[PDB]
Structures are given as C-alpha cells and as structure tokens.
RNA sequence: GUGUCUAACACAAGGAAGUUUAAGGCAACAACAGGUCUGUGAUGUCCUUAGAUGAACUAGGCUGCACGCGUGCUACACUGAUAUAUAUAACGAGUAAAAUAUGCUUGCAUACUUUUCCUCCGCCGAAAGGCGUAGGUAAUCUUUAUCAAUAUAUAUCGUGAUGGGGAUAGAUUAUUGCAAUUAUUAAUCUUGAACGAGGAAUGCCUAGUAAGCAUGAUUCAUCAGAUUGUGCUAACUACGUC
C-alpha cells in the first residue's frame, strides 16, 4: 500500500517520484507552518464549484488546493486560470435532467495563483500564456520530494 | 513459479469431477501473477474453457447494473474475499473457491424431461449462483459484497444448505428428479 | 443524559450536530455548514452532548445573520419586496409568510396566484 | 545507441525507446512507479519478472504514450515493453537468447507479443448502440 | 507552393508535373508534403417528407492539400508556376527565397 | 413593414425560399430536400 | 434497529455485529485498537 | 479427416488476420390506389383573387387541462452518496449590423472606427457573469503529446425515505433579444413529493460488441432530457434449433 519492492531504477528527486496526495498535504502543512499562505477571511465561507454545491469539509482545504495547484504547475509549465478552471472540473447533476461538466470557482484559483506569485513561487512572463515556476519554489519542492523519498526508503 | 497477487501459490490440485479439473484454471498458462489479461473468449465453442477462472469470477462479479464495467473493483472484491476466507480458515482461498465451484455445479437439470449438465456449464452456473447469492446478501444489508462472496464460498465449499448455490442446486436437481 | 433534545421540541440526539440542525431547516447543508463554522463546533460530534449555550449560539446565528460574515447572496428572504428591507425569515415564519405571499398574489391577481388558487403547477404539468 | 518499437490496443499507442543503460524505466516525464491502479501496476511489472534484473541492467527504457484510457494504455505499454525487450536482444545481444526470451514471454501470454484484434464498430441510425435498437411498439 | 484540390488524380498529375518542372531549371526542392485531409461531411436524412424508418446517409466532400517548396529566386518560381498550371487545382505561391 | 433581423424569418433555403430543414452547416443555406438533388453537382459523394 | 449507542478477527462489519453498533463506531474501535477500504491483515 | 471421394466441407498447424477478415455503401423483377401538391417558377383540375383564402402588421394561441395510451430521461442506495487526489479521449468545430467623433434642435443629421464565429491569456466577480486585450481563411491560434466523464486511491456517513431521491415551491443576480409577464435560459440560498427494484404484458442483443459512462455535431439571436456521430470503461451465454 504505502511502499512495495520493485526491480527498476527511479529518478528519486521530483514530483514524478512522489505520492501526489502525501506530497500535497505535506507541502500545504509546511506552507501553513511557515505562514506565508493565508486563507483568507471570505474564503472560509465560499463554495468550490457548482458541480459540488458543497465544499471540502476539512478547514485546511485552501492550503491543500494551493499545494495541488503547485503540483499541476510542476507538471504543466505555462498554464493559466481558464486551464485551472477546466483542470478542477467535474460533472454536475442537472436535477431530473442528465449531467454536464462544471468548473471549479474561479476566484479561489485566481487568489491562489496571485498569492503564490506574491510569495514568489511563480512568475508571469511577457512570453507565452500564464505563470510558470520560480527556481526557489522548484528547489523546495525537490527538497520535500527528497525528504519523503528518504522517509519511505529507510 | 506463478502466484496470485504475488501471494497465493495455487499449484495444488483438487480431485473434482475430472472434467471440472480440465475446465478450471489448473494449467500454468491459465495462471497469472494478478488477475486480468482478457483474451478473446468468444470465438469458438470451447474457447471459454481457456479463460482464467479468476477472470471468469471477476466478470461474474462485474455483472448487474451498477457493477457493469468495474473490473478493477470486481478484482478488489475477490482479493478482499480471499483475505476473509484465509482468516476464517487457514486454507488457500483459491483451493476453497475451486471446492465451492465443484460443489455448486448441478448434476441434472429440468426441461419440457430432465438432462445432464456440461462441466463447463456447471462451472459457469456455479460461479453465477455464488455471485448472484452474494449480491442478494449484499443488497440493503450490513454485509459487504466481499464478505458475502467469502461467506457464500465457505458455505458452498463446506456443503451447507444455507448456501444460496447449494439450495438452488438442490432445488434444481430435486425438481428434475421429481419429473424424471 | 446522552441523547438530549433540540429546537422547538425535536428529539434528535444521535444525529451529528450538522445532521440534527439540517433536520430543522438548512438541509441544502451549506446553511448548516456555515452555521457550524460560525458556532465553531465540531461537525463530527453527536447532537445530544451539546450544552444549551452551544445550541443557543446556533439559534442566535440562524435567527440573526446580521452580525456574522454572511453575504446577501447567501441569505434566506434576500430583499423582501418593500423599501423596508428584512432578511432571513426562516422556518415556520417563512412558511407563514409564504402563505401570506400566495394570499397577496391571489388578491392582486397574478398568474401564479391564480394557479395556486386553482391548484395548478406554476411550471405546469404539461398535458398529462 | 537506440532501438525502437511500439504497442497498440484500441486508440492507445505506447512507443518504446530502449537505449544502452543501467535499469531506468520511464513513462513520458514520469517514472514507471506512477501507473497507479494496483492491477495495472502488476500488468507492467509482469515483463520485468519474465526477463529478470540482470538482463534489464544494461538497458534503459523510456516509453511515450498517446491515446486511450488507463487499461488500454497499460496493455499498450506492456506490449511495447515485450517487443522492446526482444528488439534489444535482436539488435545488440543474440538471436538465440532472444528466442529463449520470446519462449518465456509466449509461455506467460500472447498479448505482450501480438496486439489486440478488437476495434470499434460504428453507430448506425435507429439505436444508441452499434447494433442495439430503440423499442418497437403496438 | 501549396496545391489544394478535391480530386486525387489531378493533384497527383500536378505532382509529377512539378517534379519535372523543378528539374527543368534544376531547382533545390523539399519533397511534397501532404497536409491532413479535411472532409466536408453532411449526414443527411433520406426522404423529403421524413417518411418511414429514419434512415440517414453520409455525404463527403474530401479536399486534399499538399505543399512543395523551393529555395530559388522569386522570378524563377512565378514563371515556373505559370508554365505548370492546369485549371482544376488551387495554387498558392509563398516563396520569397533567393 | 417592420423588420426582424434574427431568428426564423432572417433566413431561408437559397434555392426554394422555404424556411424548413435548412443546412447552415459550412454555410450551405439549402434545405436538405433541395440539397440532395444538387449535392453531386456541388461535389459531395456518399461512401458510408 | 437497536444497533447504535455511544457507551459500553479485524474487520468493521464483524465488530459492528459483535458489539451491536454502527460501522462508524466500529472504525473508531479499529482506530483505538491500532493505537475506500483498508488492509486488516 | 469427411465429401459421388467431384463441386466442396470439417478440424488442427502456420499466420497480423482464415466465414467473402469485421463493418459499411450500391439494392433487380414486379407491385402497393403507403407517404409527400406545407421543399421546389414540378403540376392538372377546383375554389378564391382588393370591406382578398394574396402580401403586410399588432396582440392571443401552438407548452391549455376531470383524463387515456406510445417513446425517452431520472430514481429507488453502501460494489453507494459526499469531498479531495490520480489518470486521461476520439470524431469535431470555428470571422451588414453596432459603437465612437463632429454640426444642428434629451432628439436628429453628418463624419469615422470597431465588435460580429471560436475564445486562450490578465484583471474583477461565491457564483453565474463582467471588463481589458492576443491568435485564428486554420495540422499553425482557440486546442487537442491533451479538450470528457465512468475509472481508480485516501478520507466522511453507516441501512434509518437515511446525509437515498430531486419532483414541487419561494425568495436573487445575471444572459440572449424590441419583447421573457404561461416559472425563456442561468446560477445562489432555502423548500425535500412520489418512489422500499415494478403486476398482466413486452424490447433489444453473440465480441471491443451488450451495458455503463461521457462528449462533438444538428437545429441556435435565444436551447438537449431529442437525433446523429465519436470515444473510454470491456460483461454474461449458447456458439445453435425449427
């Protein structure tokens, strides 16, 4: 479940070596510990998407979501907000009528995107579409990846 | 050599009806390290024989409405069921499952008259009976489908009349005898 | 002791606090979730071990949204017609007020009022 | 140096790049470990057992995946690994060892040597399925 | 030089002609690049009054695009183009080379 | 007169002026009953 | 029915049967013992 | 092997495939007083043709509702709902109104410039949505080495119409349009019906099918529960008989 023996060699330093959820939660917890990230205020009240109607029921969900976005950033380099809305999409039960796809709430995504940028982890360039990663953030993700990799290994 | 989930040895044999041993996945090439390979198993009349019995068991489990297309889930249900059987008695669950399939198969059936039953059909019916019984037990009750399947298998393997498969087989044979 | 009762003599107590509250009004569950958060109680806890003060706070939050960070778009009874605003009527008062609205519509004459008087669906049952 | 093969079930195509190496296995930008479903994890671990560690240990495998869902993609990857392993032993090592290896793979199953023959049948007017039809009535 | 047609044989005839044409002035060509086929598909109900079994038939206008390009001066390619033309194919000239 | 710039009266089959079953796909603007006569001369051919 | 209260082989359904309780209460007992689906082996 | 041991068939092996490989298209003879003159400047005859059965314009009506029968959708839960996470698809499809400046008497006239179909991206917005712009005649930009949802993984319920179900209704702010008022469409919060897996009957289906799960296209100023395509998840059962 957590760890199995395998014969092949692995890279052992990136998110492409890591359990996504464990990584996402750990970095979110680390970020909250650091206190760089803020919820803030109004975002306690909001809903996460009309495909849900509800909300994540965890109180630390915004940090989790921020962390989850940062992982998507490491996968996909120059992505923007409409891509994020589409990324976090699900199905929406239309009452008696059949389902159609429904976006996550765009303000929470935009707020995270801006907040990460304010905290220097991403950079919007004049080139291409949206925000890509800053090196310091990448090196930190790699360091956390390394911590987990050691932690499972020994 | 080949062990199911990398766990179950499944090299041991069962005496059965001899024809049934031919039908079940006794053969090395019918064995696999974890379920599912999905060859083309409709093509020729006896082609179904060549299918892995665990592949057949999961396919039967995958049957019915909400269950359709959830092959991995059907694999998880059988894997969980094997753990339960192992706990309930320290016997190899696959061997127990073969015993249940051997036990469950009807010897005669009834027609507009009464008839003997194909060994491949006996296996197909037995798996069907055990899974349908498991679903009936599952639906609107406390017990999980993995538990129900394990419980049905152990009861059928034992040869308990509380098994749905044994009860249905007994009734089918009894009606066939009643006519002829 | 352990399965103590809830608002307007309802016997809920082994229900979770959210599930108990929703079983009054708020069973779109967003309302309950925010009330739970405004109270700052654990939603996993079972209703019959709340003290009266926690219940009173919840009733206060439900009754009066004004001093809480609850926005107008969220609110029950959002604008309320006349120039004098009123908000969040809720419960039996909402049901009573709605009956008064249907009576008011009927007296004026509106299609919906008239359909309510006939006993016809507003969206229409369509032929059958 | 480099030898190339591919695998193809339904839409999905997995191309395998087998270079001279040291035992690394990738799927695009991602390690082989990240397949995720436990059943399909075993499906790609299967060829690794069939060729063992010491015949894997002088080659690196990188695989490039386009099209289909997970179960189809993994079977395409598995086929690509099978053909890949054989192509390396045919281009670099020896024909006799390749034949010996192929025998092992054949004994396990045909599906990592020969791809699927099943392909979709078009929808035709008068029903939701390819053949299945809307209900008749009186 | 881009060639677009709805007729396979005419476009292929043009291909042989341009290959010869290029070799006449001994030009340096990049081999003819066949671009992804676009089909104009109409799925059409049979019956003008919508009678009987619903019954649809699928009509296709399939256009072929190809591109062959040349590193040569502007005058040479336009003059070559004017000798090489036939009425049916659609020709576009994009060469600014020298 | 009092004109309407959108919806049903804004358009017709170019061939026959009828307002029904019009193919506006690819901007053809012909009703299919007229179109199936001319689809060959337009250049379409059916294969499936 | 009556299988639900707060006060008094590993698998939750068996625990829920044995003490006559809910599966949530069984899981809590499992968690206390330890000190989707899960592996009890 | 079987077969007049002829035309040919059966099984196994080889082979990517072994029935004409699987799927389409095309569809005789001779009919039907089947449907379509509301597709057509195809059309006979008949009515009518200026207090016009033409053209045109304003409302109302086509969804009316004691009620009956077809076809479809959604449910009745725990192999499930709820919330996060991980994966991903094929077929596609996309360019004459308005606004602004100037002159005149809030209005008009003249001049001049964008939008127009797809919207990345960046701001603002719970949300719908808005604003600012960029690329697109299109393997190039929307955008497709990734544009879906079921899958699958960890958490929350724990069999109780229950947190299943979403009928029904109230209160909003948006969107298209001159016009939304027979809830147009849209979201927000609340509202929480029948229904405990369907009687007599009866439909479709044999291999990537069946079933489930989606989505593009068609109509479209405004709208998918329809139709028509396309994919992924990948069953059962004979394998034939009159």
Could you please tell me which pairs satisfy a Cβ distance under 9 Å, a separation of 6+ or placement on different chains, a first residue in the stretch C:18-32 that is within 17 Å of residue C:59 (Cβ to Cβ), and a second residue that is in a helix (DSSP H, G or I) and within 6 Å of RNA strand H (Cβ to nearest atom)? C:21/C:31; C:22/C:31; C:25/C:31; C:32/C:19
Being away from every other protein chain (no Cβ under 14 Å) and either away from RNA strand H (no atom under 14 Å from the Cβ) or on the phi > 0 side of the Ramachandran plot (or both) narrows it down to one of E:18, E:94, so name that one. E:18
Top-ranked residue of the stretch C:110-128 - restricted to ones that are more than 6 Å from RNA strand H (Cβ to nearest atom) and surrounded by fewer than 10 Cβ atoms within 10 Å (Cβ to Cβ), ranked as nearest to the other protein chains (Cβ to nearest Cβ): C:125
Note on residue A:26: of the conditions (1) within 11 Å of RNA strand H (Cβ to nearest atom); (2) closer than 30 Å to residue B:76 by Cα; (3) under 14 Å from the mean Cα position of the chain (by Cα), unmet is (1)
The correct count of residues that are surrounded by fewer than 18 Cβ atoms within 10 Å (Cβ to Cβ) and part of a loop (DSSP other than H, G, I, E, B) in the stretch A:9-19 is 4
Does residue D:25 satisfy the criteria of being over 30 Å from residue B:74 (Cβ atoms) and either crowded, with 17+ Cβ neighbours inside 10 Å or within 14 Å of another protein chain (Cβ to nearest Cβ) (or both)? no
Look at the stretch C:30-75 and say how many of its residues are touching a helix residue (DSSP H, G or I) at 6+ places or on another chain (Cβ under 9 Å), within 11 Å of RNA strand H (Cβ to nearest atom) and closer than 21 Å to residue A:52 by Cβ. 10
Residue that is away from every other protein chain (no Cβ under 14 Å) and either exposed (fewer than 12 other Cβ atoms within 10 Å of the Cβ) or more than 17 Å from residue D:26 (Cβ to Cβ) (or both), where the choices are D:103, D:109, D:116, D:94: D:94
Which of the residues that make up the stretch D:13-22 are more than 11 Å from residue D:64 (Cα to Cα) and surrounded by fewer than 22 Cβ atoms within 10 Å (Cβ to Cβ)? D:19, D:20, D:21, D:22
Is it the case that the stretch F:32-45 has a residue that's at positive phi and more than 9 Å from chain E (Cβ to nearest Cβ)? no
Leading residue by the ranking (nearest to residue C:65 (Cα to Cα)) among those in the stretch C:78-109 that are part of a loop (DSSP other than H, G, I, E, B) and more than 9 Å from RNA strand H (Cβ to nearest atom): C:86
Of the residues in the stretch D:57-73, those that are more than 8 Å from RNA strand H (Cβ to nearest atom) and touching a helix residue (DSSP H, G or I) at 6+ places or on another chain (Cβ under 7 Å) come to D:59, D:61, D:63
I'm told residue A:29 meets every condition in (1) surrounded by fewer than 17 Cβ atoms within 10 Å (Cβ to Cβ); (2) closer than 16 Å to residue A:137 by Cβ; (3) away from every other protein chain (no Cβ under 14 Å) except one. Can you identify the failing condition by its number? (2)
Checking residue D:92 against (1) within 30 Å of residue E:53 (Cβ to Cβ); (2) more than 8 Å from RNA strand H (Cβ to nearest atom): exactly one of these is not met. Which one? (1)
Complete set of residues in the stretch B:127-152 that are out of contact with any helix residue (DSSP H, G or I) (no Cβ under 8 Å at 6 or more places or on another chain) and under 16 Å from residue B:88 (Cα atoms): none
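To keep it simple, each residue is scored yes or no on (1) within 12 Å of the chain's Cα centre (by Cα); (2) within 6 Å of RNA strand H (Cβ to nearest atom).
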residue	(1), (2)
F:9	no, no
F:18	yes, yes
F:30	yes, no
F:40	no, no
Could you list, in sequence order, all residues of the stretch G:14-29 that are at the interface with another protein chain (Cβ under 9 Å from one of its Cβ atoms) and within 8 Å of RNA strand H (Cβ to nearest atom)? G:16, G:23
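A short reminder: the numbers here are calculations on the coordinates, not readings from a lab. Don't worry about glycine lacking a Cβ; one is built from the backbone with ideal geometry, like all the others, and counts go over all protein chains shown.
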